[PDB]
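Residue-level structural notes
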Amino acid sequence: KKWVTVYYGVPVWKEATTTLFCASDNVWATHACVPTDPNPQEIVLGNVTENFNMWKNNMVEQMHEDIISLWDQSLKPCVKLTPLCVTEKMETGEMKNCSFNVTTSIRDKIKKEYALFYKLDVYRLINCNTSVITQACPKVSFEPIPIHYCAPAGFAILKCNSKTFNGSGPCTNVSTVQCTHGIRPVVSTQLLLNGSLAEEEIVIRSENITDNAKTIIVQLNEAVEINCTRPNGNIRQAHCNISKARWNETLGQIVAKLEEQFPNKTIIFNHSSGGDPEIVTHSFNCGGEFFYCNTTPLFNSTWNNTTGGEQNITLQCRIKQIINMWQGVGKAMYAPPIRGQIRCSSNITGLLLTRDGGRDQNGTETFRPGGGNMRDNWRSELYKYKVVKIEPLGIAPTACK
Amino acid sequence: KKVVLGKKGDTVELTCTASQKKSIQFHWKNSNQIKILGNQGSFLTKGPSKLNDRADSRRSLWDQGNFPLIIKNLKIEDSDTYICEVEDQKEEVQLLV
Amino acid sequence: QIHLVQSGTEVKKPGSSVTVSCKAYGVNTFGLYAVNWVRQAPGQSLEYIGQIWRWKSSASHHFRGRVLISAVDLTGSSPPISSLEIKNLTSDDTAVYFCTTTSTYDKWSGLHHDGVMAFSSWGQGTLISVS
Amino acid sequence: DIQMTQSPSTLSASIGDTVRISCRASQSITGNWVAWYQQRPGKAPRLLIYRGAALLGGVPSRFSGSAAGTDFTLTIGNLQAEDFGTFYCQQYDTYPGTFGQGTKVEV
Amino acid sequence: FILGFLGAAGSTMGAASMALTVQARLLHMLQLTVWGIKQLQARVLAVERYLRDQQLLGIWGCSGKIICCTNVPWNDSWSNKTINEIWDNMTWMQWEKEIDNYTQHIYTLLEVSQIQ
Amino acid sequence: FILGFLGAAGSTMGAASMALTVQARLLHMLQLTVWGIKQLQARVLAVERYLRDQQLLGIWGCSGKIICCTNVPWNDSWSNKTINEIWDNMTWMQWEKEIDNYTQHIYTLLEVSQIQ
Amino acid sequence: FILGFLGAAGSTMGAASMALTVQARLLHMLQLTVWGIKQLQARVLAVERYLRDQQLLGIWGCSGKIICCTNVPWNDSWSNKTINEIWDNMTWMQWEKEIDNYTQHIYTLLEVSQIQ
Ligand SMILES: *[C@@H]1O[C@H](CO)[C@@H](O[C@@H]2O[C@H](CO)[C@@H](O[C@@H]3O[C@H](CO[C@H]4O[C@H](CO[C@H]5O[C@H](CO)[C@@H](O)[C@H](O)[C@@H]5O)[C@@H](O)[C@H](O[C@H]5O[C@H](CO)[C@@H](O)[C@H](O)[C@@H]5O)[C@@H]4O)[C@@H](O)[C@H](O[C@H]4O[C@H](CO)[C@@H](O)[C@H](O)[C@@H]4O[C@H]4O[C@H](CO)[C@@H](O)[C@H](O)[C@@H]4O[C@H]4O[C@H](CO)[C@@H](O)[C@H](O)[C@@H]4O)[C@@H]3O)[C@H](O)[C@H]2NC(C)=O)[C@H](O)[C@H]1NC(C)=O
Ligand SMILES: *[C@@H]1O[C@H](CO)[C@@H](O[C@@H]2O[C@H](CO)[C@@H](O[C@@H]3O[C@H](CO)[C@@H](O)[C@H](O[C@H]4O[C@H](CO)[C@@H](O)[C@H](O)[C@@H]4O[C@H]4O[C@H](CO)[C@@H](O)[C@H](O)[C@@H]4O)[C@@H]3O)[C@H](O)[C@H]2NC(C)=O)[C@H](O)[C@H]1NC(C)=O
Ligand SMILES: *[C@@H]1O[C@H](CO)[C@@H](O[C@@H]2O[C@H](CO)[C@@H](O[C@@H]3O[C@H](CO[C@H]4O[C@H](CO)[C@@H](O)[C@H](O)[C@@H]4O)[C@@H](O)[C@H](O[C@H]4O[C@H](CO)[C@@H](O)[C@H](O)[C@@H]4O)[C@@H]3O)[C@H](O)[C@H]2NC(C)=O)[C@H](O)[C@H]1NC(C)=O
Ligand SMILES: *[C@@H]1O[C@H](CO)[C@@H](O[C@@H]2O[C@H](CO)[C@@H](O[C@@H]3O[C@H](CO)[C@@H](O)[C@H](O)[C@@H]3O)[C@H](O)[C@H]2NC(C)=O)[C@H](O)[C@H]1NC(C)=O
Ligand SMILES: *[C@@H]1O[C@H](CO)[C@@H](O[C@@H]2O[C@H](CO)[C@@H](O)[C@H](O)[C@H]2NC(C)=O)[C@H](O)[C@H]1NC(C)=O
Ligand SMILES: *[C@@H]1O[C@H](CO)[C@@H](O[C@@H]2O[C@H](CO)[C@@H](O)[C@H](O)[C@H]2NC(C)=O)[C@H](O)[C@H]1NC(C)=O
Ligand SMILES: *[C@@H]1O[C@H](CO)[C@@H](O[C@@H]2O[C@H](CO)[C@@H](O)[C@H](O)[C@H]2NC(C)=O)[C@H](O)[C@H]1NC(C)=O
Ligand SMILES: *[C@@H]1O[C@H](CO)[C@@H](O[C@@H]2O[C@H](CO)[C@@H](O)[C@H](O)[C@H]2NC(C)=O)[C@H](O)[C@H]1NC(C)=O
Ligand SMILES: *[C@@H]1O[C@H](CO)[C@@H](O[C@@H]2O[C@H](CO)[C@@H](O)[C@H](O)[C@H]2NC(C)=O)[C@H](O)[C@H]1NC(C)=O
Ligand SMILES: *[C@@H]1O[C@H](CO)[C@@H](O)[C@H](O)[C@H]1NC(C)=O
Ligand SMILES: *[C@@H]1O[C@H](CO)[C@@H](O)[C@H](O)[C@H]1NC(C)=O
Ligand SMILES: *[C@@H]1O[C@H](CO)[C@@H](O)[C@H](O)[C@H]1NC(C)=O
Ligand SMILES: *[C@@H]1O[C@H](CO)[C@@H](O)[C@H](O)[C@H]1NC(C)=O
Ligand SMILES: *[C@@H]1O[C@H](CO)[C@@H](O)[C@H](O)[C@H]1NC(C)=O
Ligand SMILES: *[C@@H]1O[C@H](CO)[C@@H](O)[C@H](O)[C@H]1NC(C)=O
Ligand SMILES: *[C@@H]1O[C@H](CO)[C@@H](O)[C@H](O)[C@H]1NC(C)=O
Ligand SMILES: *[C@@H]1O[C@H](CO)[C@@H](O)[C@H](O)[C@H]1NC(C)=O
Ligand SMILES: *[C@@H]1O[C@H](CO)[C@@H](O)[C@H](O)[C@H]1NC(C)=O
Ligand SMILES: *[C@@H]1O[C@H](CO)[C@@H](O)[C@H](O)[C@H]1NC(C)=O
Ligand SMILES: *[C@@H]1O[C@H](CO)[C@@H](O)[C@H](O)[C@H]1NC(C)=O
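Structure determination for this PDB entry is given in the record as cryo-EM, at a resolution of 4.06 Å.

Below you can see the structure in the form of C-alpha cells.
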C-alpha cells in the first residue's frame, strides 16, 4: 500500500571530528590559509537543543597543533633544547623480565637490575638524552592576525548564543555558522590577553568545581587595558601599568560572583606559589620580546562581602631570552635583544585562577592563580563551537502515488 | 596501594604511570587535599603546602608517560598518603619513617 | 566513574512528608546528565517514579502531585544533589527508593528516548516503613 | 502504557548454562527500546544491555540478546558463579515504561 | 550552496520538505596565484562531493531527484506507525535515532531492487 | 559547449529540437600560473552554471533528459491553438513574447506537482 | 575512480554486473602553485569526462542509472540467442566483436525512440 521513499537534503547531524582549515587575511598564512569570506553568514535554528560541552571538545587539539605549526615557522629560536628519551647500541630491554646489565661507567658499563614484572630504569626502561638543535635566526617580527577557522566541505560549526553560557549544559538558541569569529594567537600565562569578552556579564568556570585542580577560567565584560613599555637606565628592564579603580571594580564583581555562587566563605588572593618561573610571572610574547612581568601587587582583595601605588600600578618586568617551551618540553634561545623601545598596549580579558580548597578553620579560601596550559587559553576563544557532520540522506515511508 | 619507607633526610621516589605518551595534565595531592605538584601543559608548578621547596619532579620522563615525584629532606612531617590523579587513577601511596 | 550515594535509612509515621537525598559524585552537571527515580516494594518488581531531564522536574502521570523532585547543581563545596519530596505518607509506600543517572551527551546513544530512558548507574536505596 | 511480561518467571540452572529468557510486549516494539537489568539480592540493580543488541562496557562479553517484534531474548553465555541474578527487562519506548517480572535463577 | 540543508531542523518533516523546495528555488604577483587557486580548490571539492552523492542516489534510480519514488516495499516492523504521527509528531532526530540498523538493511534492499 | 544553443533560432520548433539532438551528439615563470588559472576558473564557472540548471530541472523531475514528460495538465487558456500551428507556424520568439506571466504560473504548478 | 571499470573482464557478464555494484558501493614558493594546479586540472578533466558520458546517457533517458530499462524492441537478427548462453557462455569481448554495425544502428534507434 505504501513503501520506501528516499529524501535528499535531510537535517541530521553527527559529531565527527575533522581537520578544519583557515583563515582570514608572508610565511604561514600565505602557505596554510585561505582569504576572508563576506560575513555575515549565519542560520538561526528554532526548536533544537544541542548539548554543548566545552571541556571535551576536539577543536582544541587541532588548534594547539596548528599553533605548533605556526611558531616553529614564524619565530624560530637560534637553538632548541628538547628531550630525547629512548629505550647507544641495542634493543636489549626485550619483551620483559629482569637482569639486563646496561649503564654505570660512562654509558656502557653493566648494571644488571632485578624486577621480573618490570617498572622502569634509566613499566620498562628509558635512557634519556638531549637533542640540541640550532635554528636560524632572522630578527623576525610578529603579530597575531585574526584567524577565522572555516569548516570544510559538508560540515558545520554549531554555536550557542546565551551570554551566561557555562560551557556545559544545553543551549537552546543554537545558531549555525560556516566559519568562526575573530581568533588571535596570543600565548599568555597567568592572564588572558586580546580575547573576546562577554555580552551580558562575567562568567566563572571549571572543568570540575570541588576538584581544586582544574584551571578556573574567568572571562570579563569590562575591557580592562594594560600598558607594558620598555623605557631605559637599563637594557633589559620594562614595566606595565594598569588602571586602578578599574581593577577594584573588576575584582569586586569577580568576588561578588564567586561569593554569590560557589562559596559562601571568605576570599583571599595571593600570587603563584612557586615552580618554574614562567607561571610566577605574567609571561607574554610581544614584538619578539618575551616579557616576564611580576604579578604580586595585582592580587590583593581580601574582602568581607559588604602603600602599593594606589593609582598607577607598576609591574616590574624582565625581558628573558632563554625560554621554556610551551610548545613541547625543553628550552629555546632566540636572537639577541632589541635596542629601541616597544609599545605593548593590550586588553586584559580574563584570569586563569586555581584554588587550594581548605582548611577547616578557614573559613577563607586561598585563591592563588595558576595557568601554564595553552590549550586552556583556547577554550575561552573556542567558546561556543562544536564540529558536526551533516548527512543529507533520509528514508520515509510515504504512499507515494 | 603501595607503602614506601625512607628513614630521614634522604630522597624518595613516587610514580604515577600513564599509557598515553603525551605528557598530559596530572596532579599529585596529599591526604588532606592540598596540592604538591601540578603539570600545566609542559611546565611545573608546586603545591601551596608545607612542601613548596623540597618537592621535586624530574621532567624528561613526562613524554614517556612516566610521571615521577622526588621528595627530599624526609622527616616525621611526611607520614601521610599521597594520591595520583592523572585521568582516573586515584591511587594511594604511603610514605613512612 | 559514578559513585552515587544516598542519605540514611529512616522509618515513618503515616500522614507526613519526607525529602530523600541522593548525592552524585563524579557528575559534571545535570545539563549533560539526567536523574531518574525508581522505587521497589519489598517483594515486587521495580517501579518508575521520576525525571530531572534538562532541569524539567516531573513525576509520572499515575503518581502526580504527591511526590515531586528537585535538583541542585554542584556549588563550591557541594556535589550535585537530587532530592525527592514525598507527601501524604500512606501505609503501602513502604519501599526501597533508588536514584539513577544517565548520559544525555550525544543524541545517538540509545540510553535516552525523549526523556524515556534506560538507567546507567544506581545508588544503594533507602528503606521507608510504617509504624 | 505498554505492558511487558517476562517469561519464564523462575528457572534453575547449573554452572555453565545458556539461559534464554523471553520478554513479551503487548504492542510491537519497533526500534528496540528495551533494556536488560541484573539485580543480585541487596545491591544495586545495574544495567546489562541497552537497545536490545548493544553491550555496555562495564558488563563482560558473555551476555547478549535479540529481538522478535513483541518478544525480546536475553542470552547468558557460559554462566559463571557471579551472575546468579534476578533479571529484569525495561521497555523504554513510551512514557513511562515499566519493567519485567523476574527470573531468580537457582541450581 | 549546501549550507541551508538544515534550516528547518527542529520542525516537523513536511514543513522541512516545503523548506527544501523554497531553499532550492531561492539559490599580479605571487599573492594572486596563491589566493586564487584555493577558491578553485574549494569549488572543485564541493562539486565532486555533490556529484558523489548524485551518483550515490543514481545507483538507486534517484539521480537528480530530491524526492523520488523507489520500488522496495516494507517490512511491517519498520516503524509501524500511522502517517499522521509520522509527518506531524516526530522530527528527523527521533527517526535517525530510531532506525539505523534498519537503514543499513534498507540500503542493501534498495541496491538489490535497483539491479532488478 | 553551450554556444550552439541558438543555431536554429528563426526556424520553427521541431527543426530546433532535431538540431538540438544533432548538436548534442556532435559535441615556467609567473606568466604560467597567471595564464593558467583563469582557464580553470572559466571551466569551473561553466560547470557550476550547467549543474545549477541541472538541479533546476531536477527539482521538476526532469534531470538526465533534454526533453521528456512532466505531470501538470493544462489550463485551456494557455495558448489554445492547434498543434500544427504550434509546431510549424510559430518560432520561440512569439511564444516567449506571449506567455511569461503564464510561465511564472507554470513554474509554480510544476513545483507543486513535483512535491506530490 | 574510473580505474576499476575492468576488474571483472574475462569473466561472464552477470558476475561483471555484480562486481560493478560492489565496486560502486566500495568507492610557499612557485613550486606550490606549479605542483598544485595540475592536480586540479586532472580533477576537472575527469569530472567533465564523467559528466559528458552522463549526458550521453541522459539523451537516452538513462541519466545517472548504471542499469536502465529503455524502450526499443529488437530486430530478431540482433544475436538470436538463448538468455542462458547470453549471460553464461560469452564475455563482453565476443559481443563487441560481434555487433558494432548493429550498435551504431541501436544508437540511432535509441535516439529516435528517446525523442518520442
Ligand atoms: C550554567 O548555567 C545554567 C543556566 O544558566 C545553569 O542551569 C541552572 O541551574 C540552576 C541550579 O542552581 C537551576 O536552578 C534549580 O532548578 C531546579 C528545577 O526547578 C524546577 O522544578 C521545581 C519543581 O517543580 C515542580 O513542582 C512545582 C511545585 O513545587 C510545580 O509547580 C512544577 O510544575 C513541578 O511539578 C520548580 O519549583 C522550579 O520552578 C522554578 O523555575 C520557575 C521558572 O520556570 C520560577 O519561576 C520559579 O520561581 C522556580 O524558581 C522548576 O520548575 C530547582 O529544583 C532548584 O531549586 C532548589 O535550589 C534552589 C537554590 O539551590 C533553592 O532555592 C530551592 O528552594 C531548591 O532547593 C531545594 O532543593 C535542594 C536540592 O539540592 C535542597 O538541597 C534544598 O534544601 C531545598 O530543599 C528544600 O525544599 C524542598 C522542596 O523544594 C524540600 O523537599 C526540602 O526538604 C527542603 O525543604 C533550582 O531552582 C536552574 O533551573 C538551571 N537553569 C537552566 C535554564 O537550566 C547551570 O547550573 C550552570 N552550571 C554551572 C556549573 O554553573
Ligand atoms: C594584543 O593586540 C594588540 C593589537 O594588535 C598588540 O599590540 C600591537 O603590538 C605590536 C608589537 O608589540 C605593535 O607593532 C609595532 O608597532 C610600533 C608602533 O606602531 C611599530 O613602530 C613597530 O615596528 C617596529 O618594530 C618592528 C619589529 O622589530 C620592525 O620591523 C619595524 O621596522 C619597527 O622597527 C623600528 O622601530 C623600533 C622601535 O623601537 C626600533 O627598535 C627598530 O630598531 C626599528 O627602528 C611594530 O610594528 C602594534 O602596533 C600594536 N598594536 C596596537 C594597536 O598597539 C599586542 O601586542 C597584542 N598582545 C600580545 C601579547 O600579542
Ligand atoms: C569532581 O571533583 C570531585 C571532588 O570531590 C570528585 O569527587 C570525588 O569522586 C571520587 C570518585 O568519583 C570519590 O571517590 C569515591 O568516594 C566514594 C564515597 O566515599 C567517600 O565518602 C564517604 C562518606 O561520605 C567517606 O567515608 C569516604 O572516606 C570517601 O570520602 C567511595 O565509596 C568510593 O570508593 C569506592 O570506589 C573505589 C575506587 O575508586 C574502591 O577502591 C572502593 O573500595 C569503593 O568501592 C570512591 O573512593 C571521592 O570521594 C570524591 N571526592 C570527595 C572529596 O568526596 C568528582 O569525582 C569529580 N568529578 C569529575 C567529573 O571530575
Ligand atoms: C600567600 O602566599 C605566601 C607564600 O607565597 C604565604 O606565606 C606563608 O604563609 C605561611 C602561613 O602563615 C607561613 O608558614 C608559617 O607561618 C607562621 C606564622 O606564624 C610561622 O610562625 C611559621 O614559622 C611558618 O613560617 C610561611 O612562612 C609564609 N611564607 C612566606 C614566604 O611568607 C601567605 O600566607 C599567603 N597569604 C595568605 C593570606 O595566606
Ligand atoms: C644519551 O644518554 C647517555 C646516558 O649515559 C649519554 O652518555 C653519557 O652519560 C653520562 C652520565 O651517565 C655522562 O657523564 C657522559 O658525559 C655522557 N656522554 C658523554 C658526552 O660523555 C649519551 O651521551 C647521551 N647521548 C646524547 C644524545 O648526547
Ligand atoms: C538568538 O540568537 C540570535 C543570534 O544568533 C539573536 O538574534 C540577534 O538579536 C539581536 C537583538 O535581538 C540583534 O541585534 C541581532 O542582529 C540578531 N542577530 C541575528 C543573526 O539575528 C536572537 O535575538 C536570539 N534569541 C533569543 C530568544 O535569545
Ligand atoms: C614581585 O614583587 C614582590 C614584592 O616585593 C616580591 O615579593 C616579596 O615581597 C616581600 C615584601 O612583602 C619581600 O620582603 C620579599 O623579599 C619579596 N620576595 C620574595 C621572594 O618573597 C616578589 O619576590 C617579586 N617577584 C619577582 C619574580 O620579582
Ligand atoms: C599611569 O601612568 C601613566 C604615565 O604616567 C599616565 O599616562 C599619562 O597621562 C597624562 C595625562 O595628561 C599624559 O599627559 C601623559 O603623557 C601620560 N603618559 C604616558 C606615558 O602615557 C596614566 O594616566 C596613569 N594612570 C592613571 C590612572 O593615573
Ligand atoms: C543494529 O546493530 C548495531 C550494531 O552496529 C547496533 O547499534 C550500535 O551498537 C553498538 C554496540 O556494539 C553501540 O555501541 C552503538 O551505540 C549502537 N549504535 C547507536 C547509534 O547507538 C544496534 O543496536 C542494532 N539495532 C537493532 C538490533 O535494532
Ligand atoms: C517551535 O515551537 C513553537 C511552539 O511549540 C512554535 O510556535 C514555533 O513556530 C516553532 N519553531 C520552529 C522553527 O519550528
Ligand atoms: C594605556 O595606554 C592607552 C593608549 O593611549 C591609554 O588610552 C590608556 O589610558 C592607558 N592606560 C593606563 C592605565 O595608563
Ligand atoms: C574598592 O572600592 C570600594 C568602594 O566602592 C572600597 O570600599 C574598597 O576599599 C576598594 N578596594 C580596593 C582594594 O581598592
Ligand atoms: C553562605 O556563607 C555564609 C558565610 O560563609 C554562611 O554564614 C551561610 O550560612 C552560607 N549559607 C548557606 C545557605 O549555607
Ligand atoms: C595588599 O597588596 C598591596 C600590593 O598591591 C600591598 O602594598 C599591601 O601592603 C597589601 N595589603 C595587605 C594588608 O597585605
Ligand atoms: C570579616 O568580618 C567578620 C565579622 O562579621 C570578622 O570576624 C572577620 O575578622 C572579618 N574578616 C577579616 C579578614 O578581618
Ligand atoms: C607607569 O607608571 C609609572 C608610575 O606613575 C610612571 O612613572 C611610568 O612613566 C608609567 N609608564 C607608562 C608607559 O605609562
Ligand atoms: C581592546 O578593547 C577595546 C574595547 O572596545 C577595543 O576598542 C580595542 O580595539 C581592543 N584592542 C585590540 C583588539 O587590540
Ligand atoms: C501493525 O502491523 C500489524 C500487522 O503487521 C497490523 O495489523 C496493524 O494494523 C499495524 N498497526 C497500525 C497502527 O496500522
Ligand atoms: C480550444 O481549442 C479547441 C481545439 O482547436 C477548440 O475547439 C476550442 O473552441 C478552443 N477554445 C476553447 C474554449 O477550448
Ligand atoms: C530465432 O528467430 C526465429 C524467428 O525470428 C524464432 O522462430 C526462433 O525461435 C529464434 N531462435 C531462438 C533460439 O529462439
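**Some details on the overall build of chain B**
The secondary structure content of chain B amounts to zero helices and seven strands. Beginning at the N terminus, the succession of helices and strands in chain B can be written as β-β-β-β-β-β-β. For 97 residues, the compact-globule estimate of 2.2 N^0.38 gives 13 Å, and the C-alpha radius of gyration of chain B, at 13 Å, lies within 12% of that figure. C-alpha atoms of chain B, sized along the principal axes, occupy 35 × 25 × 20 Å. Residues classed as buried in chain B amount to 52% of the 97 residues present. Across chain B, the 16 positively charged side chains and the 13 negatively charged ones have centroids separated by 2 Å.

**Some remarks on the interface of chain A and chain E**
Each side of the interface is counted separately: chain A has 37 residues, and chain E has 37 residues. Secondary-structure elements contributing two or more residues to the side of chain A that touches chain E are β1 (3–8), α1 (28–32) and β25 (393–398) of chain A. Across the side of chain A that touches chain E, the residue classes tally to 23 nonpolar, twelve polar and two charged. Two strands pair when backbone bridges link them, and β1 of chain A and strand β1 (residues 67–69) of chain E are joined in this way by three bridges, in the antiparallel orientation. Among the inter-strand pairings, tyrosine 7 of chain A is bridged to a residue of β1 of chain E, identified as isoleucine 67 of chain E.

**Comments concerning the interface of chain D and chain C**
On the side of chain C, 23 residues touch chain D, which itself brings 20 residues to the contact. Joining chain D to chain C, the criterion identifies five residue pairs in polar contact. For the side of chain D that touches chain C, the secondary-structure elements that each account for two or more residues are β3 (34–39), β4 (47–50) and β8 (86–91) of chain D. The element best represented in the side of chain D that touches chain C is β3 of chain D, accounting for three residues. Here the side of chain D that touches chain C is built from residues that sort into twelve nonpolar, five polar and three charged.

**Points about the UniProt feature "disulfide bond" in chain B**
Residue and element names in this part refer to chain B. Judged by the 2.5 Å criterion, the disulfide between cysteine 16 and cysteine 84 that UniProt reports is present, the sulfurs being 2.0 Å apart. Of this pair, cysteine 16 sits in strand β2 (residues 12–17) while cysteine 84 sits in strand β6 (residues 81–85), and the two are 68 residues apart along the sequence. Judged by relative accessible area, which is 3%, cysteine 16 ranks as buried.

**Re the sheet that holds β3 of chain D**
Residues and elements named next belong to chain D. With antiparallel pairing, four strands are arranged side by side in an open sheet as β5-β4-β3-β8. Only two strands of the sheet have a single partner each, and these edge strands are β5 (54–55) and β8. Bridge count for β3 against β8 is six bridges, and the pairing is antiparallel. The residue bridging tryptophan 36 from the neighbouring strand is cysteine 89, located in β8.

**Observations concerning the pattern of salt bridges**
If you walk through the whole model with that rule in mind, you get 16 salt bridges over all chains. The partner of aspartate 93 of chain C in a salt bridge is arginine 39 of chain C, and the shortest N-O contact between them spans 3.4 Å. Here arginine 39 of chain C lies in strand β3 (residues 33–40) and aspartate 93 of chain C lies in the loop between β7 (81–86) and β8 (95–103), a separation of 54 residues in the sequence. Side by side, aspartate 93 of chain C and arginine 39 of chain C carry an identical accessibility label, which is buried. One salt bridge connects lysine 87 of chain C with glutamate 85 of chain C, and the closest N-O pair in it is separated by 3.4 Å. Within the structure, one salt-bridge network assembled from shared partners comprises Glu15, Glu50 and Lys386 of chain A together with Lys107 of chain C.

Calculation criteria
- In this document, every chain is numbered from 1 following its sequence as written, which may not correspond to the numbering used in the entry; residues for which no coordinates exist are not shown.
- Key to labels: chains lettered from A, ligands numbered from 1, both in the order written.
- Although these chains sit within a larger assembly, the values stated refer solely to the portion shown.
- Only hydrogens and water are set aside; all other atoms, that is, all heavy atoms of the structure, feed into the side-chain values.
- Residues with missing side-chain atoms are left out of burial classes, side-chain pairs and their counts.
- Secondary structure elements follow DSSP: runs of H or I of four or more residues count as helices, runs of E of two or more count as strands, with numbering from the N terminus.
- It is over C-alpha atoms that the radius of gyration is taken, and the globule rule equals 2.2 Å times the number of residues to the power 0.38.
- The cut-offs for exposure are 20% and 50% of the maximum accessible area for each residue type, with area from a 1.4 Å probe on protein chains only; residues under the lower value are buried, those over the upper are exposed, and the others partly exposed.
- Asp and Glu count as negative and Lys and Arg as positive, but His and the ends of the chain are not part of the count.
- Every charge is mapped to an atom, namely NZ of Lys, CZ of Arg, CG of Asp or CD of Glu.
- The contact definition used throughout considers only heavy atoms, calling two residues in contact when any of these lie within 4.5 Å.
- Just so you know the grouping, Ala, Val, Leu, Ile, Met, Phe, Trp, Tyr, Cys and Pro go in nonpolar, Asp, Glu, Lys and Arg go in charged, and all remaining residues, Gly too, go in polar.
- Strands qualify as paired when DSSP identifies two bridges or more between them.
- For the purposes of these results, a polar contact is taken to be a pair of N or O atoms within 3.5 Å, where, inside protein, one atom must be able to donate a hydrogen and its partner to accept one; residues adjacent in sequence count only when each atom of the pair is a side-chain atom.
- Here, two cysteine sulfur atoms that lie within 2.5 Å of each other are counted as a disulfide.
- UniProt positions are given in the numbering used here, feature names are shortened, and annotations may be inferred rather than shown by experiment.
- The term salt bridge refers to a pairing of a side-chain nitrogen on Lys or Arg with a carboxyl oxygen on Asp or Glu at a separation within 4 Å.

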